[PDB]
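Accompanying notes for the structure given below.
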Amino acid sequence: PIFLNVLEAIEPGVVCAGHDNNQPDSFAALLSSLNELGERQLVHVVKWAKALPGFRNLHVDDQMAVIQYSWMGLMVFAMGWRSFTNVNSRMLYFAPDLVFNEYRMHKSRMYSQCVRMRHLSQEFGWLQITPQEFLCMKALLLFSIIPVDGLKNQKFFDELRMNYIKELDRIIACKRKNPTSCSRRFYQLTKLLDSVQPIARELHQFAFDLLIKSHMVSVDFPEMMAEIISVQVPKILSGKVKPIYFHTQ
Ligand SMILES: CC(=O)O[C@]1(C(C)=O)CC[C@H]2[C@@H]3C=C(Cl)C4=CC(=O)[C@@H]5C[C@@H]5[C@]4(C)[C@H]3CC[C@@]21C
């Protein structure tokens with residue numbers, strides 16, 4: 001079980017936001033905490049990606065680009081998994097010290113996005129997604145958004161993405177002998193994977209908008225987050241970089 005051994009081994013451990021839960025649930029306090037958590041996670045996201053099987057095969061430039069493009073989707077998906085495994089998707093578990101209940105969802109000003117993320121988290125339960133499927137799908141999300149015009153080394157990327165799909169295929173078939181059973185599961189998993197993209201798109205828009213009006217005085221947005229939102233996110237929003245949907249949207 002080489003492939004799965006690796007996925008489990010490189011999976012980041014718990015990361016706290018450093019949020020003081022005694023403070024009032026203001027937009028400012030929740031924003032400060034979310035961003036701090038964001039910057040902290042990004043640190044782990046980069047090391048995670050670079051330790052992924054075959055990732056080093058990508059051109060240096062494509063490595064960081066791909067990481068930065070899928071960043072948001074990766075955080076949505078993983079966050080959704082933590083909510084499911086920790087609080088049975090009852091609340092949004094961004095971190096042990098930063099759990100969103102109804103009031104915080106409203107206070108953050110991303111209530112609808114949170115509700116959509118809550119749905120996503122519940123799909124992990126309805127579909128009975130295994131830790132194995134979760135890990136392989138999360139890795140695939142890393143390879144699910146690229147420039148329309150292509151990456152420095154597009155063929156290496158396509159090769160890699162294909163191999164990860166093949167792995168997701170092995171997972172599904174490991175305990176399934178009748179093809180139909182397998183096809184049904186693949187359908188379910190690819191539909192779930194797709195559903196992450198629309199949510200990340202809205203979060204991308206929300207982040208961009210906030211960065212702009214925030215720049216006015218408080219450019220308090222962390223460094224790495226600030227770089228991705230000002231340099232990479234617009235490429236997505238303007239349509240130069242797009243997600244790779246499995247099914248027609
Ligand atoms: C309230 C809000 O706007 O949050 C945002 C901004 C621009 O501040 C917009 C989208 C927010 C991001 C969306 C999610 Cl799913 C997160 C998940 C997660 O596990 C850790 C907490 C972070 C982020 C990446 C969060 C950082 C603050 C963002 C970027």
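All residue numbers here begin at 1 and follow the chain in the order shown.
Using the three backbone atoms N, Cα and C, a Cβ is placed for every residue, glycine included.
Features reported for this protein in Swiss-Prot:
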type	residues	note
SITE	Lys50	site 'Interaction with coactivator LXXL and FXXFY motifs'
CROSSLNK	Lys175	ubiquitin cross-link
CROSSLNK	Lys177	ubiquitin cross-link
SITE	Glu227	site 'Interaction with coactivator FXXLF and FXXFY motifs'
MOD_RES	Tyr245	phosphotyrosine
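When the recorded positions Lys50, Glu227, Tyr245 are ranked by how far their Cα is from the Cα of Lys175 (ubiquitin cross-link), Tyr245 comes first. Around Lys50 (site 'Interaction with coactivator LXXL and FXXFY motifs'), the same-chain residues at least 6 positions away in sequence with a Cβ under 8 Å from its Cβ are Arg56, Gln63. Remark: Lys177 (ubiquitin cross-link) has no non-local neighbours by Cβ distance under 8 Å and separation of at least 6 in sequence. Counting Cβ atoms from all protein chains shown, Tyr245 (phosphotyrosine) has 15 others lying within 10 Å of its own Cβ. A coil conformation is recorded for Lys175 (ubiquitin cross-link) in the three-state DSSP classification, outside any helix or strand.
Non-local contacts of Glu227 (site 'Interaction with coactivator FXXLF and FXXFY motifs') by the CB criterion (under 8 A, 6+ apart in sequence, same chain) comprise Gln68. In this view, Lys175 (ubiquitin cross-link) is surrounded by 8 other Cβ atoms within 10 Å of its Cβ, with every protein chain counted.
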